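**Student:** before I ask anything, here's the sequence and the deposited coordinates:
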Amino acid sequence: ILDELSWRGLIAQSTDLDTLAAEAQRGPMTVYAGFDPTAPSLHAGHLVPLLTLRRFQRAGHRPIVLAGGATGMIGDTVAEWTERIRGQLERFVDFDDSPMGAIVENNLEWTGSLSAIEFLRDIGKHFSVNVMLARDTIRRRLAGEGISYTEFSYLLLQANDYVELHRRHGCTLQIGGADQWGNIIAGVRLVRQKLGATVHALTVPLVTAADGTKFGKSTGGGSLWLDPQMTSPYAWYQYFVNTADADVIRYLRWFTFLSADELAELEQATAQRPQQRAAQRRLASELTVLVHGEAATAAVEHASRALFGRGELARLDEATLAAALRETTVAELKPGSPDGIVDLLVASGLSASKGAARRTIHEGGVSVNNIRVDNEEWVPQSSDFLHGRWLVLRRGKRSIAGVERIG
Amino acid sequence: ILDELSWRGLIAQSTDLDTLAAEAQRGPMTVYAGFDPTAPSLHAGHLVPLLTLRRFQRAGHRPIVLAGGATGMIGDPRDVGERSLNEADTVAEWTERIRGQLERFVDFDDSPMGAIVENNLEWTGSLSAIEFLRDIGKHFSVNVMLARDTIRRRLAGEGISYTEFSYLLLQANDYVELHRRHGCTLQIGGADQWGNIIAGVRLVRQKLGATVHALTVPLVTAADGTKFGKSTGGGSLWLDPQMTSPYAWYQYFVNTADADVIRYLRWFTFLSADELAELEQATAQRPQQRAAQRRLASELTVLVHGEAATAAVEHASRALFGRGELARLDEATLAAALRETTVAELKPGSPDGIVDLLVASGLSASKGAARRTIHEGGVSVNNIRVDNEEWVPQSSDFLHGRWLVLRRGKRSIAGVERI
């Protein structure tokens, strides 16, 4: 288990690895990871922690998801969050009535009834201002935009959480994002002091692409939401299928369960057959199946291939095609007005100039509905529209835009 | 009132005086001062803020003494084993003892100007970690708190616990809470306390939008540079009689240097500018007579221990050096009086003779040197010139059947206490 995470490169930081491995084989651990419940859904940023809990469960350990209700209430519906999220959480970890079964806790269970005086006396006395400050995270925030005394205290609440989870569920490892380290180790120390017991920390890296951009950002720079109504399965698939070649294997070994040999063979694919995207499409299906299931993934794949001349877009059902198209720019054609391939290309944002359109058309690079267009004056026939609503324009084999009929 | 304080020289630092003056005329302010002592008693160190509170009342305003109960309840690293059984009862004992003393300085009665003594546990006790961090903690910059130089200097080396770093927020909060509950509009303290008093002023504006005020009072230093309110060698002078006898209280103030006596009279008492002028001349002209110091001692012993105990302490210190009759003295006073000097304990069997007692009590170094000093000039036993050498103490000589007052010249005295 620590061997798995290690070959995959998933262990950013940790307490003693040998002492931890020792605890692992000893018997089924209870691992936990924290979550802010103010959010209406889990997004792409929760994937590594969540996936890493899944990894621990497979290896036979028990995962706990700790809802940070305390902070949500201080910070700047916590029963509601759970059931809003439970559909998603279940995709990663298993909730059964047995020993390794998953389990959502809420740190309000203890923090909610914690007085200011207990906090300051029984927790705060074990903490040195210097040590707390003595951190690049807080030191950056101190040098940067400043930190409030409340923001500075979170560490203590977070530490207490570990003590309280160890007491209540025999919990002995906390996992988190690489940036959450201080929070976690604080908890290990507190547990040592308040309880005499020895426990562990292990962080996983933040994912950031070779080009420097941060993982899980959408088109508008928002979040990639696990929730289908917020981020469509298509938007979800699309995202991972457009992973750079630089990153695709790393992402695969970090996010999926492919064996090192399977990853060897895909590594070759990216080397020898890069325009074919074997690695991207595999990554895309694995992460889309994970979150949105197989049936939903199947549609998206067909749609995705159809849209790029690799398929049959007549056989895609309106719901699917519509969703697919609404992720690209779409020119909404009405009575009048374009009604011509040249016009449509510029309107849909596929060609900049009407001049540019003409050019690419005469290079054979333009296709409507996967059929090529030679003629500069081409006009859309009535029977061309898919489901009476849609045209699919494409330049080369990579860039597509839509056209929506309107009344 | 601001003029009263102004000429007496009692404004160490303040927020704008004009604005504060404005509010004073507008009518009765509620002024507060806080105390969070070690022991369960005030000492000389508290006099100035407290007597200053008294001035506010005399000037028509309402004083509040805020017992800072929260800090002590947080301060002990002791654990529930041992914290619990006692915690809340000793806090309630600490407040009543202090409230008893407070009644000397400030008049409690139902009335608008009626003093209130509160304990900041009436809000902090039920304050939750979440409320704390949410409602109060958000208004503080860590950067700003680190800058504050009490903290800046104390944060060098091992530095400080999260708890010690937090007290500021709770201190500040007391101001907010007291403005909510009593429309409290000014806090006063010692000069050193400015830092966290303004912390409160500030927090009251942020949280509550109101502009409130701050006025500190001077820390008292002798003209010779020494700190006020410390024992000859050691520590505090307590307001509690069974920690510091009334005699010791009187004598502390009777020994105020000439250099300080008028200033202290000016800060600790209600004498007029003219009355002070009179005593100032008195001190310059007749320094030996100690008029100023005796007034100080008298004024401050009455304030704390009442007229009767002051009456006793004056009679005792007169009778003890011949000038008055020690048959009249309260045993309690006489005991204190002799316990300041060097007292020789006469157990049963040990020698009685006047010469033995002289050597026992430190008044003479030898059995002969004693025999010597007895002759023309004399030792006195209970203001009685002893002229025989083999003089033994009769049973009826012992004052309250316990004490002999031995005196060598007219200045050095010692006590004999039969066990």
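**Tutor:** Arrived safely, thanks for sending. Numbers count the residues shown, from 1 in each chain, chains lettered A, B, ... in the order given.
**Student:** what does chain A have sitting close to chain B?
**Tutor:** Along chain A, the residues adjacent to chain B under the rule C-beta under 8 Å from any C-beta of the partner chain are A:70, A:73-74, A:111-121, A:123-125, A:127-130, A:132-133, A:142, A:146-153, A:156-157. (C-beta placed from N, C-alpha, C; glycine too.)
**Student:** ChimeraX command for the buried members of those residues?
**Tutor:** Only the buried members of the residues of chain A next to chain B end up in this ChimeraX selection, burial being decided by 16 or more other C-beta atoms under 10 Å in any protein chain shown:
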select /A:70,73,74,111,114,115,116,117,119,120,121,123,124,125,127,129,132,133,142,147,148,149,150,151,152,153,156,157
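**Student:** mind checking which of the residues of chain A next to chain B land in helices?
**Tutor:** Judged by DSSP state H, helices contain the following of the residues of chain A next to chain B: A:70, A:73-74, A:111, A:116-118, A:129-130, A:132-133, A:142, A:149-153, A:156-157.
**Student:** can you name the residue of the stretch 201-350 of chain A nearest chain B?
**Tutor:** As assessed by C-beta to the nearest C-beta, chain B sits closest to residue A:201 within the stretch 201-350 of chain A, at 20.3 Å.
**Student:** quick check: that residue is in a strand.
**Tutor:** Yes. Counting by DSSP: H, G, I helix; E, B strand; the rest coil, residue A:201 falls inside a strand.
**Student:** so what's it up against?
**Tutor:** A:13, A:14, A:15, A:173, A:174, A:175, A:176, A:181, A:184, A:185, A:187, A:188 (C-beta atoms under 8 Å, 6 or more residues apart in numbering or on different chains).
**Student:** can we see that at 10 Å?
**Tutor:** By C-beta atoms under 10 Å, 6 or more residues apart in numbering or on different chains, the contact list for residue A:201 reads A:13-15, A:20, A:162, A:173-176, A:180-181, A:183-189.
**Student:** just the buried members of those?
**Tutor:** If we count by 16+ other C-beta under 10 Å, the contacts of residue A:201 have these buried: A:14-15, A:20, A:162, A:173-176, A:180-181, A:183-189.
**Student:** which parts of the stretch 151-300 of chain A are helices?
**Tutor:** A:181-195, A:233-241, A:248-255, A:260-272, A:278-292, A:294-306 (DSSP state H, counting those that start in this stretch).
**Student:** same thing with the stretch 301-407 of chain A?
**Tutor:** Here the stretch 301-407 of chain A has its helices, by DSSP H, counting those that start in this stretch, at A:318-327, A:341-347, A:354-362.
**Student:** kindly reformat these as TSV containing mean neighbour count.
**Tutor:** As requested, the helices of the stretch 301-407 of chain A are exported to TSV (neighbours: other C-beta atoms under 10 Å in any protein chain shown):
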stretch	mean neighbour count
helix A:318-327	19
helix A:341-347	22
helix A:354-362	15
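**Student:** pipe these into CSV and attach distance to residue A:236 per row.
**Tutor:** Below are those laid out as CSV (distance: least, C-beta to C-beta, whole Å):
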stretch, distance to residue A:236
helix A:318-327, 10
helix A:341-347, 28
helix A:354-362, 30
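**Student:** test my guess that residue A:305 contacts residue A:298.
**Tutor:** No. If you go by C-beta atoms under 10 Å, residue A:305 and residue A:298 don't touch, sitting 11.1 Å apart.
**Student:** which residue comes closest to the residue of the stretch 201-350 of chain A closest to chain B once chain neighbours are left out?
**Tutor:** Excluding the flanking residues, the one nearest residue A:201 by C-beta to C-beta, 6 or more residues apart in numbering or on different chains is residue A:184, at 4.2 Å.
**Student:** return the residues in contact with the one you found.
**Tutor:** Contacts of residue A:184 by C-beta under 10 Å, 6+ apart are A:13-15, A:32-34, A:158-159, A:161-162, A:173-177, A:199-203.
**Student:** how is chain A carved up into domains?
**Tutor:** Chain A breaks down into these domains under curated CATH domains: A:1-206, A:207-307, A:308-407.
**Student:** and the last one, end to end?
**Tutor:** Read that as domain A:308-407. End-to-end distance of domain A:308-407 (C-alpha to C-alpha, to the nearest Å): 28 Å.
**Student:** then the second one?
**Tutor:** Taking C-alpha to C-alpha, the span from the opening residue of domain A:207-307 to its closing residue is 29 Å.
**Student:** and the closest residue to residue A:238 other than its chain neighbours, how far from residue B:303?
**Tutor:** Distance criterion C-beta to C-beta, 6+ apart; nearest residue to residue A:238, sequence neighbours excluded, is residue A:327 at 6.0 Å. Distance, residue A:327 to residue B:303, using C-beta to C-beta, to the nearest Å: 84 Å.
**Student:** now do the contacts for the residue nearest the centre of chain A.
**Tutor:** Per C-alpha atoms, centre = their mean, the C-alpha nearest to the average position across chain A is that of residue A:44, at 1.6 Å. Shown in contact with residue A:44 (C-beta under 10 Å, 6+ apart): A:207, A:214-218, A:223-226, A:231, A:236, A:239-240, A:287, A:291.
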